[PDB]
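# Structural overview
Each chain, written out:
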Amino acid sequence: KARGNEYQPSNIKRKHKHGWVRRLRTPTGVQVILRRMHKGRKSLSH
Amino acid sequence: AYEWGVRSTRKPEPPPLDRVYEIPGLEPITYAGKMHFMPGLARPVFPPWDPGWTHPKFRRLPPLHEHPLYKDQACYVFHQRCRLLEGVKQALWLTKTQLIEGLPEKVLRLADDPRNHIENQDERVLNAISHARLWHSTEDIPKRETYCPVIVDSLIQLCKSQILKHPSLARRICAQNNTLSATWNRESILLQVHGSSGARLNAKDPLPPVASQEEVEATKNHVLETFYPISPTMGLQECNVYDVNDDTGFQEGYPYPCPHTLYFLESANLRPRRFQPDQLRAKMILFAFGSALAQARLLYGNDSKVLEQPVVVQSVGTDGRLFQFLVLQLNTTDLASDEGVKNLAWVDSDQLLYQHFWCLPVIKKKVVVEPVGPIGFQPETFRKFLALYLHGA
Amino acid sequence: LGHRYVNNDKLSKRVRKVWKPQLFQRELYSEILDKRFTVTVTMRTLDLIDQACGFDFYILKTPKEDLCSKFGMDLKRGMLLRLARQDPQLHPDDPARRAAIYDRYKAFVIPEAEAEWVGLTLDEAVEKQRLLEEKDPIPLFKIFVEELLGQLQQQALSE
Amino acid sequence: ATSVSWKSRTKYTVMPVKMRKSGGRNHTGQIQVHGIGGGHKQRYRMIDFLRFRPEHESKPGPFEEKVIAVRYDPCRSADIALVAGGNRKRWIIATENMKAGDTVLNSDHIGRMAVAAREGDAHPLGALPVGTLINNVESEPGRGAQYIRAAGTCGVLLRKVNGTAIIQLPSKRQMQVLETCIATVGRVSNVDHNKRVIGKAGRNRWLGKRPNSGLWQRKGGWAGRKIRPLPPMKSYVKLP
Amino acid sequence: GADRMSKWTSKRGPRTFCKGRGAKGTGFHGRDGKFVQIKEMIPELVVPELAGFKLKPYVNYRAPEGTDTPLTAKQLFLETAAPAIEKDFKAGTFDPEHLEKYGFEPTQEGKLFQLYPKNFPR
RNA sequence: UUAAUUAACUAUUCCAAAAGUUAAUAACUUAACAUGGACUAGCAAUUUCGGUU
RNA sequence: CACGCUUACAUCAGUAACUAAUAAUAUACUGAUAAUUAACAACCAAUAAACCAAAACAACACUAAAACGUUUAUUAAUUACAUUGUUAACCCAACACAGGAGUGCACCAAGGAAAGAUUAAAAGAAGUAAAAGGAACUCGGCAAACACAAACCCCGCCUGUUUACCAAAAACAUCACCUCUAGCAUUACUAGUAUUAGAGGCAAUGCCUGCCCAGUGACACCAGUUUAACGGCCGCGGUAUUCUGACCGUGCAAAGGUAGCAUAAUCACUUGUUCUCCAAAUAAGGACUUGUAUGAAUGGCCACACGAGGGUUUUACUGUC
RNA sequence: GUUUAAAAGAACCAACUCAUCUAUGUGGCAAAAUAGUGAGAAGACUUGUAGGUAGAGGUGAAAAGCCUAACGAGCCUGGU
RNA sequence: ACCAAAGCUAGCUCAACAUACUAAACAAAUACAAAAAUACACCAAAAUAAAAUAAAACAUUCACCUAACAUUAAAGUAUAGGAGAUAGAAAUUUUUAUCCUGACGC
Ligand SMILES: [Mg+2]
Ligand SMILES: [Mg+2]
Ligand SMILES: [Mg+2]
Ligand SMILES: [Mg+2]
Ligand SMILES: [Mg+2]
Ligand SMILES: [Mg+2]
Ligand SMILES: [Mg+2]
Ligand SMILES: [Mg+2]
Ligand SMILES: [Mg+2]
Ligand SMILES: [Mg+2]
Ligand SMILES: [Mg+2]
Ligand SMILES: [Mg+2]
Ligand SMILES: [Mg+2]
Ligand SMILES: [Mg+2]
Ligand SMILES: [Mg+2]
Ligand SMILES: [Mg+2]
Ligand SMILES: [Mg+2]
Ligand SMILES: [Mg+2]
Ligand SMILES: [Mg+2]
Ligand SMILES: [Mg+2]
Ligand SMILES: [Mg+2]
Ligand SMILES: [Mg+2]
Ligand SMILES: [Mg+2]
Ligand SMILES: [Mg+2]
Ligand SMILES: [Mg+2]
Ligand SMILES: [Mg+2]
Ligand SMILES: [Mg+2]
Ligand SMILES: [Mg+2]
Ligand SMILES: [Mg+2]
Ligand SMILES: [Mg+2]
Ligand SMILES: [Mg+2]
Ligand SMILES: [Mg+2]
Ligand SMILES: [Mg+2]
Ligand SMILES: [Mg+2]
Ligand SMILES: [Mg+2]
Ligand SMILES: [Mg+2]
Ligand SMILES: [Mg+2]
Ligand SMILES: [Mg+2]
Ligand SMILES: [Mg+2]
Ligand SMILES: [Mg+2]
Ligand SMILES: [Mg+2]
Ligand SMILES: [Mg+2]
Ligand SMILES: [Mg+2]
Ligand SMILES: [Mg+2]
Ligand SMILES: [Mg+2]
Ligand SMILES: [Mg+2]
Ligand SMILES: [Mg+2]
Ligand SMILES: [Mg+2]
Ligand SMILES: [Mg+2]
Ligand SMILES: [Mg+2]
Ligand SMILES: [Mg+2]
Ligand SMILES: [Mg+2]
Ligand SMILES: [Mg+2]
Ligand SMILES: [Mg+2]
Ligand SMILES: [Mg+2]
Ligand SMILES: [Mg+2]
Ligand SMILES: [Mg+2]
Ligand SMILES: [Mg+2]
Ligand SMILES: [Mg+2]
Ligand SMILES: [Mg+2]
Ligand SMILES: [Mg+2]
Ligand SMILES: [Mg+2]
Ligand SMILES: [Mg+2]
Ligand SMILES: [Mg+2]
Ligand SMILES: [Mg+2]
Ligand SMILES: [Mg+2]
Ligand SMILES: [Mg+2]
Ligand SMILES: [Mg+2]
Ligand SMILES: [Mg+2]
Ligand SMILES: [Mg+2]
Ligand SMILES: [Mg+2]
Ligand SMILES: [Mg+2]
Ligand SMILES: [Mg+2]
């Protein structure tokens with residue numbers, strides 16, 4: 001029906017999908033962290 | 001056959017050792033010096049870690065054979081929550097007793113005598129049932145785990161209310177969760193009733209023998225029923241660490257030595273978690289037999305001999321609405337042979353105190369058809385309960 | 001790994017193709033190390049062995065660039081160390097057989113200073129050098145005591 | 001993520017164990033079999049298919065057990081039966097007329113005289129008459145009854161030649177095995193299982209059958225009444 | 001969306017997320033579910049007697065300072081062991097094998113407060 | 001898809017390789033894998049849809 | 001309360017301007033200072049054995065076979081006070097958004113205010129009432145109504161699912177019935193074993209499903225078999241006075257469209273012809289019927305019940321007119 | 001709650017879930033809403049939390065539907 | 001008369017030289033849901049570049065396309081190519097050390 005509210009917050013899902021451990025447990029997430037570090041991001045993950 | 005372990009769920013085998021470990025006279029270059037895994041280096045093999053100082057919590061569980069009480073002969077232990085397949089038959093075989101249906105004549109007279117009743121028996125027992133089933137809890141429908149012990153204590157108090165008329169019930173006391181252990185060798189099988197029951201009434205004065213000498217002698221001509229495919233030890237815990245010692249629930253010098261009545265409660269909200277009636281009868285028979293054996297061996301001795309003075313124990317099993325009464329007279333101690341005298345046991349089974357109880361009023365077609373209260377009430381069950389309570393005095 | 005032309009025609013389609021060797025699980029016995037290794041070898045490996053007239057001969061003759069096998073380099077290092085050490089664990093009950101085995105491989109005898117560095121990669125060599133150079137830091141008490149002893153000996157000899 | 005199987009239970013028990021269904025999903029997580037999922041919660045009753053299994057190795061002779069109860073099993077179409085002998089009980093697949101309070105024999109002895117085949121009895125194929133109805137037959141001695149188990153289904157013994165028994169499966173196919181393979185006599189329980197009528201589309205969901213796809217597919221050459229001859233006899237004897 | 005720059009503390013999670021604020025543990029979990037606190041794990045504050053201590057938090061403003069001489073290992077050795085070893089060598093009883101009499105410690109694992117493992121917090 | 005070129009993968013079959021077996025150079029078999037070259041099909045890949053009117 | 005936001009909460013002070021879609025002042029702006037105190041909640045034993053017997057007031061039962069537990073034996077550092085969540089008027093929707101939001105209690109004892117101030121133009125939205133008529137309006141009784149009933153057809157058996165955001169259906173699924181593919185073991189199928197499990201078709205039930213392997217597929221590695229496999233089931237001419245053709249001649253096919261229904265949701269001719277319904281009908285229903293382009297599991301014919309499906313009548317009702 | 005020997009993929013009708021028809025709204029309260037009216041409402045039912053299936057794909061009671069407001073095949077970066 | 005307008009700096013860009021190349025901070029905590037002192041393990045993986053484009057279409061082909069051999073010539077030569085678009089060497093030759101580094105760059 002009405003859209004726009006597709007984001008339902010939940011810290012468990014947030015940290016399990018985009019967390020530091022989730023990023024570091026895979027070689028692609030390590031590349032993501034390396035790219036964010038090369039760009040100089042203040043926050044590398046959630 | 002069909003192995004019950006799935007490979008993907010079992011503990012995976014350790015990886016194959018590196019090829020550098022198969023070269024004789026060659027030292028492997030591993031990553032043990034850097035204290036971390038590093039690719040390209042060999043996998044170091046470590047000896048089993050030896051915690052030179054032992055820790056109670058964080059040590060491996062010692063094996064069973066290391067225990068000082070470990071024995072080679074297997075003992076068949078019957079604890080509180082042991083179930084029997086052929087309940088009454090297995091109990092009669094393991095205890096070498098003869099089963100009788102009706103209650104003994106002494107307790108039957110003590111019940112049918114109207115002079116031994118409480119002032120308002122019908123109303124008192126109805127109020128006790130209603131309080132146990134509905135009133136004792138603030139919830140709408142209390143659970144069995146709450147209304148079984150409540151109703152047992154209510155009946156116990158209704159029986160205790162008779163001490164003003166019989167000034168002899170003060171010679172008793174109650175006990176909860178006392179370790180009982182009675183082991184005996186029967187037909188080259190070492191059985192042991194060992195554990196703790198629900199409630200135990202003890203008394204200073206023993207219970208008089210209730211079986212007549214004619215019945216005791218006719219017991220010699222009775223043979224025990226046998227089951228061929230099933231073993232008598234079906235349902236018992238086969239253990240190897242145990243103590244062959246007649247340890248009753250108390251120490252020496254106990255002022256209330258003689259056990260009067262055991263009380264077993266099936267206070268479980270689930271049918272599979274509760275006991276069947278037959279299994280409950282078997283459990284109460286076995287525990288009464290263990291108590292009688294403990295008392296007999298503490299009185300006369302550990303020698304196997306027919307008792308010239310029998311030991312009478314009583315037992316009551318309560319499902320919440322179904323009562324099973326047992327009077328067990330132990331007469332012998334030698335149980336290896338199946339030829340001598342056997343004990344006796346009168347078991348009144350399936351004694352309904354009340355058929356049903358409505359915690360809420362039923363309404364069908366906008367009119368109440370059955371009010372709140374117990375539907376159907378058999379006062380003979382409480383009469384037998386009071387007889388079993390007053391049997392000591 | 002490469003490409004190929006279907007129907008062997010240049011003007012036809014180009015198709016990626018992976019040509020793989022035929023592996024075989026064979027058991028090879030070594031005379032110097034005295035062990036039968038169940039190895040995945042090829043017909044070319046067996047042919048090179050038959051051409052060198054021996055498994056140990058083939059291992060000791062073919063270099064690293066022709067072996068292309070870390071396990072082969074480890075085997076070579078092991079047998080070279082054994083030949084350089086004259087290991088009595090080869091045949092403790094047959095000294096004559098041990099000597100006869102050690103004589104026929106005399107052309108590849110390499111000293112011990114180089115026999116333990118042939119089948120090592122760069123990481124393994126760095127780890128070995130680190131384990132060799134791993135020395136605990138000596139306390140400054142020892143250095144100061146040595147300095148004081150030197151000064152005292154100098155003052156004693158200068159009188 | 002990769003999931004673990006629920007079948008991690010090495011110790012055999014008579015009590016029903018809880019099982020985690022998975023609708024067509026392999027250990028990866030993708031659908032492998034369509035039309036599976038969303039059924040009723042079920043427990044698993046471990047069945048002992050090796051019928052001739054003595055308690056202790058000291059007495060490997062034949063043994064008799066007693067039937068306690070014939071119960072319903074949601075995992076298979078047949079009915080299970082609890083049989084107790086000695087100090088242990090076990091679940092087996094009940095035969096057609098197996099009731100509570102029966103005796104079942106389990107034997108491995110073959111003799112020159114054929115034995116009278118009852119229902120609950122389990123003898124090797126070499127000891128049964130030539131026209132005996134059987135079920136829970138084996139492929140190799142001691143492997144376990146992989147073959148006929150379904151409700152009402154039963155095979156028939158045809159002949160015994162050169163110490164090898166030939167049976168006929170419910171699929172009308174011939175299966176040659178050794179004569180020392182244990183087999184249970186009679187038909188499997190619930191013979192009226194094929195006559196059951198699913199009353200509504202919801203009973204299929206109760207059983208755990210998701211509806212078929214709505215995509216209309218034109219029939220290919222595979223369709224049509226293919227009258228193929230009976231395949232050759234499947235033999236399991238290893239001839240040297 | 002949620003915030004990423006703010007610190008991830010225990011106040012920002014569900015009930016099952018209870019992260020400590022940096023305090024040290026003081027025990028373990030017993031049998032009935034309660035917490036058993038170990039009296040050896042709690043820090044014992046060793047407080048001296050400040051009754052007859054004639055020293056204040058501040059010094060005299062007219063008191064002179066000193067040149068910065070950071071104490072070094074060589075200076076400490078010259079102050080504690082150089083006279084003793086010098087006297088021993090002048091007397092001729094110097095033993096290079098045994099240096100425990102001058103204050104040197106061969107292995108730290110014997111005494112209570114070791115230096116390299118740093119068994120003491122402060 | 002009954003368009004033109006035909007891959008990888010999955011099921012067939014065949015030959016070679018490998019293992020072997022019989023007899024005084026011949027014949028014969030392939031449990032799990034598995035390499036090279038062909039065959040028949042599924043799943044499919046790349047590309048295209050002449051112009052005047 | 002849970003989940004979520006983090007101080008937006010509380011006290012004092014100020015608001016010329018910044019936030020409130022405007023003021024008054026302030027839970028929504030500014031500054032300073034304080035605060036949420038554990039009993040509730042989080043973290044809070046393993047190793048073997050006895051254990052088939054549902055929850056639904058559970059007495060006892062049904063099928064779809066069902067989470068929730070004790071006891072026994074061996075080890076479980078043992079010694080006050082550990083750590084963490086405690087505010088709010090709050091979350092997701094660009095917003096102080098008429099939207100979306102789990103659970104337990106009650107329907108007020110708790111929450112709040114539709115109108116910034118006037119006048120009472122048109123047009124617009126919502127409501128109430130209306131003489132006489134009562135669908136004459138309109139594609140259609142849409143909407144509304146003091147009515148809230150009874151029937152006839154088409155299509156789907158039915159409950160159910162679908163194009164989030166123009167289509168809820170006659171579409172899909174469906175119980176049932178049919179085809180094919182498989183004789184079997186440690187991750188699906190399946191801890192199953194042909195009364196089983198997969199790939200599909202069509203749709204409960206009732207009467208049935210007629211002929212054809214010529215072509216293309218599939219088994220058979222060629223013949224041969226298969227249509228509840230893909231799919232097809234005929235021309236030309238004369239004949240019983242004047243209309244048709246039971247019949248015949250000739251030709252091709254693998255068989256030459258069987259039963260049934262039929263102007264239909266079925267090319268055009270078509271507003272086919274006829275009867276009922278109306279004062280009037282290209283509407284609806286019943287019949288006739290080559291539909292030379294209907295037709296039998298890409299299923300054909302009727303029937304109960306059902307349907308916010310698509311049409312047609314009878315009253316009742318009313319501003320639809 | 002009511003009718004029913006019924007918890008019968010039965011019936012009336014609440015909470016709840018969908019969205020039949022109409023009228024407003026159409027840079028609106030709203031990038032799909034409001035009001036009236038509707039369908040289901042003990043089941044093939046709604047729903048909380050957590051996990052899985054990822055684009056040459058997943059999933060699909062086939063609408064070529066849905067896969068973070070544009071899906072005959074997501075979005076971002078690079079080729080560019 | 002409001003709105004407004006103008007600065008010359010912060011700094012950047014391209015090169016040369018160059019030590020020889022993941023800066024400083026790292027008291028404690030940091031790959032438990034990162035910054036949460038503290039318990040009997042498991043740890044690791046590789047398998048070609050493709051296409052957009054050009055050949056006025058598109059099927060074989062399409063320089064560079066994150067792999068060192070630089071410079072002057074041979075030479076756009078031999079050769080390779082739906083012998084089309086285009087691609088393209090080698091043999092053999094030349095190359096004198098340091099400072100003189102700043103800017104017809106913003
Ligand atoms: Mg968004
Ligand atoms: Mg099943
Ligand atoms: Mg079943
Ligand atoms: Mg189907
Ligand atoms: Mg379909
Ligand atoms: Mg953000
Ligand atoms: Mg928290
Ligand atoms: Mg919270
Ligand atoms: Mg505490
Ligand atoms: Mg073609
Ligand atoms: Mg191409
Ligand atoms: Mg295409
Ligand atoms: Mg064209
Ligand atoms: Mg044109
Ligand atoms: Mg024209
Ligand atoms: Mg916020
Ligand atoms: Mg303002
Ligand atoms: Mg404020
Ligand atoms: Mg609060
Ligand atoms: Mg007004
Ligand atoms: Mg207002
Ligand atoms: Mg106003
Ligand atoms: Mg007006
Ligand atoms: Mg109006
Ligand atoms: Mg009105
Ligand atoms: Mg009017
Ligand atoms: Mg009209
Ligand atoms: Mg008109
Ligand atoms: Mg209407
Ligand atoms: Mg109406
Ligand atoms: Mg009406
Ligand atoms: Mg329908
Ligand atoms: Mg019906
Ligand atoms: Mg769906
Ligand atoms: Mg729509
Ligand atoms: Mg929907
Ligand atoms: Mg709609
Ligand atoms: Mg609808
Ligand atoms: Mg349909
Ligand atoms: Mg039929
Ligand atoms: Mg259809
Ligand atoms: Mg039909
Ligand atoms: Mg047909
Ligand atoms: Mg054909
Ligand atoms: Mg043919
Ligand atoms: Mg008709
Ligand atoms: Mg027409
Ligand atoms: Mg009309
Ligand atoms: Mg037709
Ligand atoms: Mg048709
Ligand atoms: Mg067809
Ligand atoms: Mg209708
Ligand atoms: Mg419907
Ligand atoms: Mg409808
Ligand atoms: Mg209903
Ligand atoms: Mg609405
Ligand atoms: Mg209205
Ligand atoms: Mg409503
Ligand atoms: Mg309704
Ligand atoms: Mg309805
Ligand atoms: Mg997930
Ligand atoms: Mg494509
Ligand atoms: Mg797809
Ligand atoms: Mg479609
Ligand atoms: Mg379409
Ligand atoms: Mg999108
Ligand atoms: Mg081009
Ligand atoms: Mg161009
Ligand atoms: Mg083009
Ligand atoms: Mg182009
Ligand atoms: Mg390229
Ligand atoms: Mg050429
Ligand atoms: Mg050209």
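Residues numbered from 1 in each chain as written, not as in the entry; some residues may be left out. Chains lettered and ligands numbered in written order. Part of a larger assembly, values for the part shown. Heavy atoms only, no water.

As deposited, the entry is annotated with cryo-EM as its determination method and 3.0 Å as its resolution.

## Looking at the overall build of chain E
From N to C terminus, chain E includes 2 helices and 2 strands. Helices (α) and strands (β) of chain E occur, in sequence order from the N terminus, as β-β-α-α. Over its C-alpha atoms chain E spans a radius of gyration of 26 Å, topping by over 25% the 14 Å that the globule rule assigns to 122 residues. Computed over 21 positive and 15 negative side-chain charges, the separation of the two mean positions in chain E equals 15 Å. (Helix = DSSP H or I, 4+ residues; strand = E, 2+ residues; numbered from the N terminus. Rg over C-alpha atoms; globule rule 2.2 N^0.38 Å. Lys, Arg positive; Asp, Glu negative; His and termini not counted. Charge placed at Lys NZ, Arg CZ, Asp CG, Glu CD.)

## Brief notes about the packing of aromatic side chains
The description of an aromatic ring pair uses the distance of the two centres, along with the angle that the planes make with each other. Residues and elements named next belong to chain D. Using the criterion set out here, one finds 23 aromatic pairs over all chains in the structure. Aromatic pair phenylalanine 52 and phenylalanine 63: ring centres 5.4 Å apart, planes at 20°, arrangement stacked. One end of the pair, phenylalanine 52, is in the loop between β2 (43-44) and β3 (63-72); the other, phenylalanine 63, is in strand β3, and 11 residues separate them in sequence. Note on accessibility: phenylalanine 52 and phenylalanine 63 belong to one class, buried. With a centroid separation of 6.1 Å and 70° between ring planes, the pair formed by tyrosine 147 and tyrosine 236 is classed as edge-to-face. On the criterion of sequence distance, the pair formed by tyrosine 147 in the loop between β8 (133-135) and β9 (155-161) and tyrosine 236 in the segment after β13 (234-235) is long-range, its members being 89 residues apart. (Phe/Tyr/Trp six-rings, centres within 6.5 Å; stacked < 30°, edge-to-face > 60°. Buried < 20%, exposed > 50% of the residue type's maximum accessible area, 1.4 Å probe, protein only.)

## Looking at the nonpolar core
Residue and element names in this part refer to chain B. Judged by nonpolar contacts, the single largest core of 44 residues is most densely connected at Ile129, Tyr263, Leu353, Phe382, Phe385 and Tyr389. Not counting chain neighbours up to four residues away, the residues in contact with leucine 353 comprise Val125, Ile129, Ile151, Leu155, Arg321, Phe323, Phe377, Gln378, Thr381 and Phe382. By size, the runner-up hydrophobic cluster in this structure holds 39 residues, among which are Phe78, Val193, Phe275 and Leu335. (Core = buried A, V, L, I, M, F, W, Y, C linked by side-chain atoms within 4.5 Å. Contact = heavy atoms within 4.5 Å.)

## What about the interface of chain E and chain A?
Each partner contributes residues to the interface: chain E has 8 residues there, and chain A has 11 residues. Overall, the association of chain E and chain A removes approximately 840 Å² of surface from exposure, summing both partners, and the carbon and sulfur fraction of that is 59%. When residues of chain E are sorted by the area they lose upon contact with chain A, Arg4(E), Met5(E) and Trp8(E) head the list and together hold 61% of the total. The interface formed by chain E and chain A includes 0 salt bridges. Inspection of the region where chain E meets chain A yields 2 residue pairs in polar contact. For the side of chain E that touches chain A, the per-class residue count stands at 4 nonpolar, 2 polar and 2 charged. (Buried area = accessible area lost by both parts, 1.4 Å probe. Salt bridge = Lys/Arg side-chain N within 4 Å of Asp/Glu carboxyl O. Polar contact = N/O pair within 3.5 Å; in protein donor to acceptor, adjacent residues only side chain to side chain. Nonpolar A, V, L, I, M, F, W, Y, C, P; charged D, E, K, R; others polar.)

## A short note on the protein's contact with RNA strand I
In the vicinity of RNA strand I lie 41 residues, with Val21(A), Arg25(A), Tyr5(C), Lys10(C) and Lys19(E) positioned nearest. Within 4 Å of the protein, the contacting atoms of RNA strand I are 51% sugar and phosphate, with bases supplying the remainder. Between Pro12(B) and RNA strand I, the recorded distance is 3.3 Å, taken from a backbone N or O atom to a base nitrogen. Within the contact set of RNA strand I, a phosphate oxygen lies 3.4 Å away from a backbone nitrogen or oxygen of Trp8(E). Of all the secondary-structure elements, those providing two or more residues to the surface near RNA strand I are α1 (11-18) and α2 (20-24) of chain A together with β1 (2-5) and β2 (14-17) of chain C. When its residues are assigned to classes, the surface near RNA strand I shows 19 nonpolar, 11 polar and 11 charged. (Near = heavy atom within 4 Å.)

## With respect to the interface of chain B and chain D
On the side of chain D, 24 residues touch chain B, which itself brings 17 residues to the contact. In total, about 1600 Å² of surface goes out of reach between chain B and chain D, with carbon and sulfur atoms giving 61% of it. Broken down residue by residue, the surface that chain B buries against chain D is led by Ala1(B), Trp4(B) and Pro229(B), which jointly contribute 43%. A salt bridge links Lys66(D) to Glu86(B), with the nearest nitrogen and oxygen atoms 4.0 Å apart. At the boundary of chain B and chain D, one finds 4 residue pairs in polar contact. For the side of chain B that touches chain D, a count of residues per class yields 10 nonpolar, 5 polar and 2 charged.

## Considerations on the arrangement of the chains
For this structure, the chain pair with the highest number of contacts among 4 pairs of chains in contact is chains B and D. A gap remains between chain A and chain C, with no contact made and the closest C-alpha atoms lying 22 Å from each other. Separated throughout, chain C and chain D approach each other most closely at a C-alpha pair spaced 26 Å apart.

## Regarding the environment of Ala182(B)
All names here are of chain B. Checked against the element boundaries, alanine 182 lands in strand β4 (residues 180-186). Here the alpha-carbon distance between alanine 182 and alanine 294, two residues 112 residues apart in the chain, equals 5.8 Å. Setting aside its immediate chain neighbours within four residues, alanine 182 contacts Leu191, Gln192, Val193, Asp246, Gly290 and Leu293.

## A closer look at the UniProt feature "binding site: Mg(2+) 4" (unreviewed entry) in chain E
Annotation from UniProt places "binding site: Mg(2+) 4" (unreviewed entry) at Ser10(E) and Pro14(E). Among the structural elements, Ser10(E) can be located in the segment before β1 (27-29). Ignoring any residue separated from it by four or fewer positions in sequence, one finds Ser10(E) in contact with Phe17(E), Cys18(E) and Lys19(E). At 3.2 Å, the side chain of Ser10(E) forms a polar contact with the backbone oxygen of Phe17(E). Note on placement: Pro14(E) falls in the segment before β1. Sequence-distant contacts of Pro14(E), that is, excluding residues within four places in its chain, are made with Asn11(A) and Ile12(A). (UniProt positions renumbered as here; feature names shortened; annotations may be inferred.)

## What to know about the UniProt feature "binding site: Mg(2+) 2" (unreviewed entry) in chain E
Per the UniProt annotation, the sites labelled "binding site: Mg(2+) 2" (unreviewed entry) are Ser10(E) and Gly13(E). Take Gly13(E): it is sitting in the segment before β1. Among all residues touching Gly13(E), those that are not within four sequence positions of it are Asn11(A) and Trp8(E).

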